[PDB]
Protein chains: 2
Amino acid sequence: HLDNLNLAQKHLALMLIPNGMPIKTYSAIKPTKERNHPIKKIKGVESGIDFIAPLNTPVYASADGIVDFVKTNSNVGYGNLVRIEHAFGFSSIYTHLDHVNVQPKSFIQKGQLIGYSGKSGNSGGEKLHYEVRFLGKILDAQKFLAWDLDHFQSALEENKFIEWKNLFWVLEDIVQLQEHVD
Amino acid sequence: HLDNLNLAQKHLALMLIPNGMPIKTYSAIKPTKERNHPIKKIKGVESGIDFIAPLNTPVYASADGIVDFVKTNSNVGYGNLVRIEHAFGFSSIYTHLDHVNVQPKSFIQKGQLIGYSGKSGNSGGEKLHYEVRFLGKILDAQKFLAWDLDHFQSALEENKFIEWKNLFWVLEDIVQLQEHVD
């Protein structure tokens, strides 16, 4: 069934689950594993990815959801940050920000501006730190960056801890309900 | 706009956000405020509702989501329980269960069986304890019990802490995308 998903299922998944790039301009992308981790201060921690980008680069939500946590005047650890809760257990986090433009409890639309990149906290310089998690579990963010309508299998290969078939069964019942209402 | 929502928005909201009764058979419904709270052991705690029902009554998910936490062999506090995370910050919890039939990380469909009612923990007898929350904040569960297609304003009157207009703007963009794909 993961090979024969319909377009309605694909479009719905890409509104609800993080996908694509959260920033339009960057000079480099590097895993956080390869620098001193913002909290643990050692290399080798599986912890998402950093977009090397100049101060004040706009940062955009990677899927619909709700803001559940922000830090707006912090210069320690992750620094200023936004965490977005998405459907079906996914979350995305955006850190080291210069400025935060959304409030906790605010509903979020995919592509909405949520802040401006900075160097706050233990950043190692001007960059956006980005993580995608599933019930708090760290995932390979690159698989979600590369996920789009023309590359739909990308995120589905993050399959060890996520039961994608069962998620798409749930989404099929949502798409069928709207076809019945058309 | 909350008066002129289309049917596609209404149907989508009722798949994603808790609504209706999580149990088919009960003798009484009473707020948990009116009994000794499972944890605090005093009256007057705003804490959801209890369905007075006999042991082994099946318990059903009130919306689509993901199981984020279970207790399966507990006889203290809330007892055996399932917590379901829904989209847009909502959660539902089902407690005092005799048996739990879902695992953490499992995707859930609205109406799916999730366990069997019991008297586990500080239950005060055979009952299902049920709570609906928004980013961890307790809500008036009766407003979600009474919410359905023919009574669509019911949950929308829980309006003090939830920006329903903004939520429905987000849902409108999902419904428009599927109309464009039809």
Side-chain angles (χ1 to χ4, degrees), chain A residues 6-17 61 63-70 83-91 102-112 133-137 149 160-182, chain B residues 6-17 61 63-70 83-91 102-112 133-137 149 160-182:
Chain A
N6 62 60
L7 288 186
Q9 285 177 291
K10 293 175 173 170
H11 277 94
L12 185 52
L14 295 168
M15 293 307 296
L16 294 182
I17 301 170
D64 288 353
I66 187 171
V67 178
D68 77 340
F69 186 71
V70 306
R83 188 167 72 196
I84 304 176
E85 291 190 12
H86 307 289
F88 299 110
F90 291 89
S91 62
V102 290
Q103 302 278 8
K105 313 172 215 308
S106 289
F107 297 102
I108 297 283
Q109 179 105 252
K110 174 165 172 60
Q112 190 182 323
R133 294 181 177 263
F134 178 72
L135 293 183
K137 175 174 115 267
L149 210 64
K160 205 149 160 213
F161 313 92
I162 303 171
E163 309 159 62
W164 285 102
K165 294 149 204 282
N166 292 332
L167 176 47
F168 280 101
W169 284 346
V170 176
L171 297 189
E172 177 58 15
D173 285 292
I174 298 160
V175 310
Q176 287 181 346
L177 194 64
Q178 180 158 338
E179 285 164 7
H180 200 266
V181 170
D182 288 322
Chain B
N6 62 60
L7 288 186
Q9 285 177 291
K10 293 175 173 170
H11 277 94
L12 185 52
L14 295 168
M15 293 307 296
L16 294 182
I17 301 170
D64 288 353
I66 187 171
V67 178
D68 77 340
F69 186 71
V70 306
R83 188 167 72 196
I84 304 176
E85 291 190 12
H86 307 289
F88 299 110
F90 291 89
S91 62
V102 290
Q103 302 278 8
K105 313 172 215 308
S106 289
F107 297 102
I108 297 283
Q109 179 105 252
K110 174 165 172 60
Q112 190 182 323
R133 294 181 177 263
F134 178 72
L135 293 183
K137 175 174 115 267
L149 210 64
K160 205 149 160 213
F161 313 92
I162 303 171
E163 309 159 62
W164 285 102
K165 294 149 204 282
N166 292 332
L167 176 47
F168 280 101
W169 284 346
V170 176
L171 297 189
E172 177 58 15
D173 285 292
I174 298 160
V175 310
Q176 287 181 346
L177 194 64
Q178 180 158 338
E179 285 164 7
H180 200 266
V181 170
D182 288 322

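Here is how names work: the chains are called A, B, and so on, in the same order as the sequence lines, proteins then strands, and each is numbered from 1.
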Segment of A/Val67 engaging chain B (4.5 angstrom heavy-atom cut-off): backbone
Heavy-atom distance under 4.5 Å to chain B: side chain of A/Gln112, backbone, both or neither?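 For A/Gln112, neither part sits under 4.5 Å from chain B.
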Can you tell me how far [atom2] of [Y] sits from [atom1] of [X], rounded to the nearest 0.5 angstrom?
| X | Y | atom1 | atom2 | result |
| --- | --- | --- | --- | --- |
| A/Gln109 | B/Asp173 | CD | CG | 4.0 Å |
| B/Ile108 | A/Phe88 | CD1 | CZ | 10.5 Å |
| B/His11 | A/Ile174 | NE2 | CD1 | 13.0 Å |

Quick check on A/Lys105: does its NZ atom have over 12 non-hydrogen neighbours (other residues, nucleotides or ligands) under 6.0 Å away?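 Incorrect, the count does not exceed 12.
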Counting heavy-atom pairs closer than 4.5 Å to chain A, which one of B/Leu7, B/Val175, B/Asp68 comes out on top? B/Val175
List in chain and number order the residues that pass side-chain contact (heavy atoms from CB on, under 4.5 Å) with B/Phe161, two or more places apart in sequence or in another chain; answer none if no residue qualifies.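 Residues passing side-chain contact (heavy atoms from CB on, under 4.5 Å) with B/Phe161: B/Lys137.
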Determine whether B/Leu135 and A/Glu85 make a side-chain contact, defined as any pair of heavy atoms from C-beta on separated by less than 4.5 Å. yes
Contacts table for residues 164-172 of chain B: side-chain donor-acceptor under 3.5 angstrom, sequence neighbours left out:
residue, atom, partner, partner atom, Å
B/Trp164, NE1, B/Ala155, O, 3.4
B/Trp164, NE1, B/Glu158, O, 2.9
B/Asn166, ND2, B/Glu163, OE1, 2.9
B/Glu172, OE1, B/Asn6, ND2, 3.0
B/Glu172, OE2, B/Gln176, NE2, 2.7

Let's test your reading of the structure: which of A/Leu16, A/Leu177, A/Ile84 forms the most heavy-atom pairs below 4.5 Å with chain B?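 Among the listed options, the one with the most contacts to chain B is A/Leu177.
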For B/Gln178 and A/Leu12, indicate whether the former's side chain and the latter's backbone hold a donor-acceptor pair under 3.5 Å. no
